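Q: Chains as they are written, first to last, in the working numbering: chain A, 1 to 75; chain B, 1 to 69; chain C, 1 to 158; chain D, 1 to 132; chain E, 1 to 77; chain F, 1 to 205; chain G, 1 to 61; chain H, 1 to 90; chain I, 1 to 491.
All residues carry an ideal CB built from backbone N, CA and C; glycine is no exception.
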Amino acid sequence: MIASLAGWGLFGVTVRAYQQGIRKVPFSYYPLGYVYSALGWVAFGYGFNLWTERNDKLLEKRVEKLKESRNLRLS
Amino acid sequence: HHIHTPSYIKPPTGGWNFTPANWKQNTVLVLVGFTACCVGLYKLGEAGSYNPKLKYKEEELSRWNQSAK
Amino acid sequence: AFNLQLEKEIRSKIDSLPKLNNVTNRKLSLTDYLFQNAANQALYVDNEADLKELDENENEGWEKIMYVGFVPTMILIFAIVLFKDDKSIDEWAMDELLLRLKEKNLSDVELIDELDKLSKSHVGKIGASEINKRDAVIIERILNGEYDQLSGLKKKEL
Amino acid sequence: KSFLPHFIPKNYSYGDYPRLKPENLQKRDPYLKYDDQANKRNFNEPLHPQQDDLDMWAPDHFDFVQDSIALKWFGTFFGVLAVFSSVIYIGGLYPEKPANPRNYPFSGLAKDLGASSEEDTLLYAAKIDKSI
Amino acid sequence: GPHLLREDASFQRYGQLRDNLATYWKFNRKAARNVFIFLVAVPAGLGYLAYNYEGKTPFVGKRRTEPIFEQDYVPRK
Amino acid sequence: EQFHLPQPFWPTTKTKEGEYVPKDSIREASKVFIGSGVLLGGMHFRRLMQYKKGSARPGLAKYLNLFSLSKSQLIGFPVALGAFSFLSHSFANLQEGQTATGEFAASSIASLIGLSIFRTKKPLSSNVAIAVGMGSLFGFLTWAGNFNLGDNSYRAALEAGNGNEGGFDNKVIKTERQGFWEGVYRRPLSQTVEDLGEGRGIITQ
Amino acid sequence: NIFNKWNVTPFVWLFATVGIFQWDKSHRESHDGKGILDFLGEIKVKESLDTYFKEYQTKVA
Amino acid sequence: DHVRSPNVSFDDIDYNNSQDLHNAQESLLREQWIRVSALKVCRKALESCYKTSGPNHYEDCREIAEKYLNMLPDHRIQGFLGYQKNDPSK
Amino acid sequence: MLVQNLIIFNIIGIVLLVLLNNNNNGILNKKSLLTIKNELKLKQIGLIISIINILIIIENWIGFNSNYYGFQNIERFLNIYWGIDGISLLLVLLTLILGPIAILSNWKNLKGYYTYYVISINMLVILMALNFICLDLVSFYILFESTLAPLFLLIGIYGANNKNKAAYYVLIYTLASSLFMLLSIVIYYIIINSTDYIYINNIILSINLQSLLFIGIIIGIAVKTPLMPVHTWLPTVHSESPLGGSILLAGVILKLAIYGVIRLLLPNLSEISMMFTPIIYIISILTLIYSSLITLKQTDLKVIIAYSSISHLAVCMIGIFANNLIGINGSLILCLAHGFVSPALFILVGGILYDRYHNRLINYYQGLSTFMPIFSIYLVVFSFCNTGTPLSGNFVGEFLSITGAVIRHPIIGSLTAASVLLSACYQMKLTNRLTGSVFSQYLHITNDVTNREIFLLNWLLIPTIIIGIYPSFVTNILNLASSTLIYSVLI
Ligand SMILES: CCCCCCCCCCCCCCCCCC(=O)OC[C@H](COP(=O)(O)OCCN)OC(=O)CCCCCCCCCCCCCCCCC
Ligand SMILES: CCCCCCCCCCCC(=O)OC[C@H](COP(=O)(O)OCC[N+](C)(C)C)OC(=O)CCCCCCCCCCC
Ligand SMILES: CCCCCCCCCCCC(=O)OC[C@H](COP(=O)(O)OCC[N+](C)(C)C)OC(=O)CCCCCCCCCCC
Ligand SMILES: CCCCCCCCCCCC(=O)OC[C@H](COP(=O)(O)OCC[N+](C)(C)C)OC(=O)CCCCCCCCCCC
Ligand SMILES: CCCCCCCCCCCC(=O)OC[C@H](COP(=O)(O)OCC[N+](C)(C)C)OC(=O)CCCCCCCCCCC
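1. Cutting at 7 Å between CB atoms, please list the residues of its own chain near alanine 126 (chain D), excluding the five before and the five after it.
2. Can you list the residues of chain I that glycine 41 (chain G) reaches, using a CB-CB cut of under 7 Å?
3. How many angstroms separate the CA atom of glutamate 7 (chain E) from the CA atom of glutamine 298 (chain I)?
4. Taking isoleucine 187 (chain I) and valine 184 (chain F) to be in contact with their CB atoms under 8 Å, please state how far apart those CB atoms are, rounded to whole angstroms.
5. Per DSSP, which residues does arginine 187 (chain F) bridge with? Please list them.
6. Using beta carbons (cut-off 8 Å, strictly below), is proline 343 (chain I) in contact with chain E?
7. How would you label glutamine 72 (chain I), buried or exposed, when you count the other beta carbons within 10 angstroms and need 16 or more for buried?
8. Taking 7 Å as the cut-off, is the CB of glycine 82 (chain F) close to at least one heavy atom of ligand 1?
9. Taking 8 Å as the threshold (beta carbon to beta carbon), is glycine 127 (chain C) in contact with chain I?
10. Identify the continuous alpha helix (DSSP H) that holds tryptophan 33 (chain H) and give its terminal residues.
11. Let me check you understand the geometry: is the CB of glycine 133 (chain F) closer than 7 Å to at least one non-hydrogen atom of ligand 5?
12. Between the region 75-83 of chain F and the region 105-115 of chain F, are three or more C-beta pairs nearer than 8 Å?
13. Taking the CB atoms as reference points, tell me whether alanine 24 (chain H) and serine 9 (chain H) lie closer together than 8 Å.
14. Roughly how many angstroms separate the alpha carbons of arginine 408 (chain I) and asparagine 208 (chain I), rounded to a whole number?
15. Note down the Cα distance separating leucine 46 (chain E) from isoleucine 8 (chain D), rounded to an integer number of angstroms.
16. Which stretch, first to last residue, makes up the beta strand (DSSP E) that contains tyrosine 81 (chain I)?
17. At least one CB of chain H closer than 8 Å to the CB of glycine 108 (chain D): is that the case?
18. In whole angstroms, what separates the C-alpha of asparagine 7 (chain G) from that of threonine 57 (chain E)?
19. Excluding five sequence neighbours on each side, which residues of the same chain lie with their C-beta closer than 7 Å to the C-beta of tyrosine 169 (chain I)?
20. Can you give me the start and stop residues for the alpha helix (DSSP H) that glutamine 12 (chain E) sits inside?
21. Give me the subset of the region 21-36 of chain I whose CB atoms are less than 8 Å from a CB atom of chain C, sorted by chain position.
22. Could you compute how far the alpha carbon of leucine 64 (chain F) sits from the alpha carbon of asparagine 146 (chain F)?
23. Taking just the CA atoms, how far does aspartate 11 (chain H) sit from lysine 155 (chain C)?
24. Which residue wins for smallest C-alpha separation from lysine 59 (chain G), given the options I:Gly63, I:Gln44, I:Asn79, I:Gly70?
25. May I ask you to list the residues that DSSP assigns as paired with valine 489 (chain I)?
26. Between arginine 64 (chain E) and chain H, is any beta-carbon pair separated by less than 8 Å?
27. What do you get for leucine 44 (chain B), buried or exposed, if any count of 16 or more other CB atoms within 10 angstroms of its CB means buried?
28. Measuring alpha carbon to alpha carbon, tell me which of I:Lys37, I:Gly436, I:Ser419 ends up nearest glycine 319 (chain I).
29. Can you give me the Cβ contacts of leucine 391 (chain I) inside the same chain, cut-off strictly under 8 Å, excluding the 5 residues immediately before and after it?
30. Are the C-beta of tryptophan 73 (chain D) and some C-beta of chain I separated by less than 8 Å?
31. Where does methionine 49 (chain F) land, buried or exposed, given buried means 16+ other C-beta within 10 angstroms?
32. Would the C-beta of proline 12 (chain B) count as close to ligand 5, meaning under 7 Å from any of its heavy atoms?
33. Roughly how many angstroms separate the alpha carbons of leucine 69 (chain F) and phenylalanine 138 (chain F), rounded to a whole number?
34. Does the region 452-463 of chain I come within contact of the region 299-309 of chain I, defined as at least 3 CB pairs closer than 8 Å?
35. Are there three or more Cβ pairs, one per stretch, closer than 8 Å when the region 280-287 of chain I is compared with the region 371-382 of chain I?
36. For the region 54-73 of chain A, enumerate the residues whose C-beta is nearer than 9 Å to any C-beta of chain F, in chain order.
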């Protein structure tokens, strides 16, 4: 799961780096902002992964019922 | 004679009556170059060429016509 | 190689000529564009604008990239289309045709003799050419029967 | 005497673009000096909307006679060569063959001309020599 | 740069007009006649040639099934 | 033999021969013509009352001028709508159903009739240009199946088993043509000859 | 100078290509016809490529 | 080495088998390219017969020319889509 | 490996150029050090990135099997399947080779903002290259239309006097027409639940539904080739777009329409394509003939070349809709040959003459051979390539395309031979004038072709002649991929 959270933190680095361009400051200005931004999107990324993992479990349970519903139709 | 503007117009073919000062030196090199691979054309041609009327015997062709019949 | 002491000489001399629009021992490195202080970078451009002001179509900065990266890339492309061991479908089909001729005529003394002595390089040169080879029986057998199996795949007729 | 080429409008209306009589520049006096001697044009001369049809690079305009006269002469010429052809054909003035045209043995060389069997003889045979 | 081209006002006026012919185009009877010919008449002519001979020309390895030369000669007298 | 042209037409229910009781064109056009003239004329005299009630208020006057209809529009609009209803029903009776060509003809003629009444002070070619544009819009409206395909939609077909819910199977071949929304793995070669014809690679060369 | 940078270049390309061309033929005399570029890597075969295609079409279904 | 044609017909497979339909498509393509190879060999015989026979080419190469003119219409690539999507017997 | 590396590497390249060139925006008012020599370092990094993209496709080419039927290098990335065949492989390499050429053609003829231009060029190249390796209809449409965003801004910022007209034309002609192609893609996803290439290729739809789907797709394709009568955007866009924009538009963007026929029409709508071929041939033949006669009357140098491109792409459309291998291979070779000659003619006409005299009116130029002999040699050489003179890849493409049309339709396909006459009429009318008579009185003598412009012309001419003399370099790769597109049942 580290690889997924690694990308989310890298997304947060991009968000901060893009913000520096908006505010017209050097990208090395206040380096702690990248650390703050990286962790804020790792937190969102971890919650996002739980959301998607839950969705796949729920989708399988609903699909089983849908297949039984379709088998009756195909007759 | 005229003005050929040869200061900056130097096409591969010469530009208005151009003969370089060292033309004798270059002519021998080109004549050597022309002669050298003119023999190369001859050596390649003798190896690669063939007579298309002698590649297959007339007896080989009679079998072809009957087999394809 | 910023060499700040060298710019000061260059900057001062342009000051000896107050009029405007009326050095080869200078170079920069890759690490200079990112690490020099903001004061020094300003000085270099002020000279570069003024040095260029005091002035054909060469040393434009692209020649090294194209002749070290691009031309070898096209050479590599030229090599691949020349010396890559890749069969095409038409070249495969000719080899397959000769293979099936061998399998249909195993009891053929004459044909297998020519097939074995027909080298792999002359497979695509069958017929009349400069190469002196015996394919008369090989051509004779292809003209006799049909060695494709297309009729065996269309099992439905009209 | 000198007439404009075809498909040259006698009037046009393109807003404020200057309206001028079309001048075929090919006909300009070549012994005058011009700023563009090859094109026979002076600098800043207004161009007709179809000037590309009325300058040196356009196809040459021959005007020795009118087109209808040239077309009438052109038809008159080839009409004579057709009347001459038609008089001989209808009257049949061309000579007859002095000999029966050439014939060949072996059923007119039918076998030598790609005939398979007797069903395709006259398909490929040349004229047949009936006298063995 | 150094203005290496001697700009001609009449050239510029002529070139500007040739780019902007669309402004003055009127869909009159003359324009309608050319529109009909180029976009209706000619496409219809090719339209009927394409579907008339759609699959009606088996010209691959087409054979000769009829003699070319006459066997006998008949004089005209 | 007929030319084999593509037929890009959305699916529609086709009435069996002997069906399609025709609709009275004059009676249907009468209701549209009379009802429109009553409303347009009635709303005209209602707005004249609003004029009399107030004419020194610019806000009311500006809004009333937008909705105001000229005299030739008060007559032309009911006539154009009445002719449209008559010609739409008249052509539909002719063709045993409604077609995009019939609606194109009915709308352009109805527009041209109305345009020649309430657009008298414009060139004739200008009125024809609008009428062709108006007629094309309604022909396109009919071609697209009016506001919805209804029983011919894929969702309707999917509920009737005429969709692709069960998938495909090449072993099954059907003599009858597949449904509009249905896809198959393999088809009878006779159907291809019916569609394309013989020739350039079908059966013969 | 007839040996300038522009005249020599086409000849340098020509001879080098012929040299590599003749080099390749000898390499095909000693490696069962395998070419001089065989060091870069060989060509993937149907069986190895079918498995990727089989897993690609299963997911699509 | 020299790969071989996996002889597989559309008539003996379920198209829902992704790998089996792929083989039938490949199988039909490879049999058509072989017929193109055979046609070229026959044309090679025609050219050699024509050159050698001289004025005798009409008689000497008659059956070779007849065979080439018969094979030419159908010894060309036809694709697999035509037979995959059409059942001739229906 | 291919798609993943081609996207990840270029994103790092895009971010790198932004980080370096935008670190000093904050009221520093400094002089920097990368801004010297027209942002030379930033230009050089982008030039290197373009060349490296060519190296990535090569690594996957070494393992390509020309004797394998089906897509290879099948990959999954961003929930999308990516694969390559013989047809796609050559178009990807053509697209990536033109990347460095587009950058180098605008090496020193931009008024400023070199980092923005280089990024957009590398961004246009990758999006177009990725369009040849996607394996579903929706991914095809995403990459088909994604290029509009950078192309619209590229024209409007770096364009000529009428750039505003040209930017609107490209955005509205192409977006409106492609939305009709999106309608057909939505229908496929509704009734089949997938847009995968292989999945939809096996399904036969009703002959009426195939007609509606064909028309939707053909509207998007016909505008982007372009064909008559929806071609009016191209001459306006080409005359105002920057030189690099014209090279990519004339070298890659137009070839996506032919690839659209190969993917979106031939294997899935096979039955209806045979029905539409006479209509396609009539439209294309008149596109070829009309564009050639219209080109005669043009007075703008870059518009003449733009109309020349329309005539040849009508021939490509004719070949690809032939149902035989000769026409399909001929259309593909003509696409590649055009992909080099057409950008070269824009460099000669809109990159060398325009950079010296800043005027594209034909009336100002004649007798250029007197003081520009090197320019005249390349102008004459590429003019004969553009008219399909033998020994050029254009002729091999044109001859097989015309032959494929004749085999497909002997009567009407014979009109395609007018390309031989008509192309030489307008191309040699322009070349005979630029190299004819006395050197123009409206021009001042200046420098001839420089080393950079010689380099661009040579490396667009070299592939054209190698393909022209030995096209089997291309036909071997295309042979098995093209044979799958033929639809016929001979009994
Ligand atoms: C004692 C007399 C009492 C009178 C009471 C009515 C007051 C006067 C109003 C004028 C009549 C119009 C309204 C009529 C009723 C509303 C329409 C209706 O329900 O249909 C009735 C009429 C006949 O249709 P019928 O088939 O008999 O009804 C169904 C039977 N199964 O169907 C019709 O044909 C009615 C005509 C409608 C067509 C004209 C209207 C369209 C054109 C004008 C548009 C008005 C502005 C647009 C409004 C929408 C704006 C977004
Ligand atoms: C100046 C800069 C210009 C632009 C440069 C572009 C840089 C791109 C950086 C990407 C970083 C990376 O790699 O992210 C990847 C990670 C980890 O992916 P995963 O969890 O394994 O999911 C697997 C991914 N599949 C499905 C492709 C396999 O996901 C992310 O963070 C997602 C990025 C957020 C996008 C916003 C949508 C999600 C929020 C939902 C709210 C509705
Ligand atoms: C558990 C995971 C999250 C942990 C951290 C989250 C709270 C961070 C607060 C730290 C203090 C702070 O923000 O301090 C303020 C700083 C600096 O501001 P500056 O603009 O440089 O001002 C200049 C300051 N001088 C003058 C002192 C130099 O701002 C930042 O660094 C902004 C980063 C905000 C990250 C927001 C993440 C949002 C994620 C949303 C997903 C849906
Ligand atoms: C493959 C997917 C890539 C996706 C990422 C796109 C790039 C992001 C750039 C953000 C940073 C930025 O705005 O930076 C600006 C940079 C560089 O400008 P500059 O010359 O340095 O600016 C001037 C500064 N001076 C004055 C100091 C020199 O402009 C770019 O990069 C432009 C690329 C985007 C153009 C196309 C937009 C299309 C939008 C919709 C896309 C579908
Ligand atoms: C089968 C393929 C053959 C390849 C080799 C053939 C010989 C090549 C000759 C190159 C040198 C040359 O002619 O170009 C250079 C000469 C220069 O003129 P000059 O005589 O030096 O006078 C100089 C005086 N000026 C400056 C007034 C001319 O021409 C020109 O610029 C004239 C313009 C026409 C260009 C001719 C290009 C011909 C290319 C052939 C296209 C297939």
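A: Considering the structure as presented:
1. Excluding sequence neighbours, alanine 126 (chain D) sits near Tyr104, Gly108, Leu109, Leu113.
2. For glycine 41 (chain G), the neighbours in chain I by C-beta distance under 7 Å run, in chain order, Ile62, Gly63.
3. Answer to the nearest angstrom: the Cα atoms are 19 Å apart.
4. Between the beta-carbon of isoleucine 187 (chain I) and that of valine 184 (chain F) there is about 17 Å, and that puts the pair past the 8 Å contact cut.
5. When DSSP reads this structure, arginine 187 (chain F) sits in a beta bridge with H:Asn86.
6. Cβ-Cβ to chain E under 8 Å: no for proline 343 (chain I).
7. Here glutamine 72 (chain I) is buried: its Cβ has 16 or more other Cβ atoms, across all protein chains shown, within 10 Å.
8. False, no ligand heavy atom lies under 7 Å from that Cβ.
9. Closer than 8 Å: no.
10. Bounds of the alpha helix (DSSP H) holding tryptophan 33 (chain H) are 18-53.
11. Look at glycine 133 (chain F): its beta carbon is at least 7 Å from all of the heavy atoms in ligand 5.
12. A contact exists between the region 75-83 of chain F and the region 105-115 of chain F.
13. A contact, by the Cβ cut-off of 8 Å.
14. A direct Cα-Cα distance of roughly 24 Å separates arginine 408 (chain I) from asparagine 208 (chain I).
15. Cα to Cα, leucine 46 (chain E) sits roughly 30 Å from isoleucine 8 (chain D).
16. Element bounds for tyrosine 81 (chain I): 80-84.
17. Not one chain H Cβ lies under 8 Å of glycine 108 (chain D).
18. Rounded to the nearest angstrom, the two C-alpha atoms are 55 Å apart.
19. For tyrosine 169 (chain I), where only same-chain residues beyond five positions count, the Cβ hits under 7 Å are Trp233, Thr236, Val237.
20. 9-19 is the span of the alpha helix (DSSP H), which, as asked, contains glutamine 12 (chain E).
21. Flagged, chain order: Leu28, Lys30, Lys31, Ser32, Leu33, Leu34, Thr35, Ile36.
22. Looking at the two C-alpha atoms, the distance is approximately 33 Å.
23. Approximately 7 Å, taken between the alpha carbons.
24. Comparing Cα positions, the closest option is I:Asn79.
25. In the DSSP secondary-structure assignment, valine 489 (chain I) is bridged to F:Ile202.
26. So, not an interface residue.
27. It is exposed - the Cβ of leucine 44 (chain B) has fewer than 16 other Cβ atoms within 10 Å.
28. Nearest to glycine 319 (chain I) by alpha-carbon distance, out of I:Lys37, I:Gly436, I:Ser419, is I:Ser419.
29. Cβ contact annotation for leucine 391 (chain I) (same chain, cutoff 8 Å, sequence separation greater than five): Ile465, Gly468, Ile469, in chain order.
30. For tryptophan 73 (chain D), the answer is no, since every Cβ of chain I falls outside 8 Å of its Cβ.
31. When all chains shown are included, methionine 49 (chain F) counts as exposed.
32. True, at least one ligand heavy atom lies under 7 Å from that Cβ.
33. Computed Cα separation, rounded: 24 Å.
34. When Cβ pairs closer than 8 Å are counted between the two stretches, the region 452-463 of chain I is seen not to touch the region 299-309 of chain I, the count staying below three.
35. Touching, no.
36. Taking a C-beta cut-off of 9 Å against chain F, the contacting residues of the region 54-73 of chain A are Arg70, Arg73, listed in chain order.
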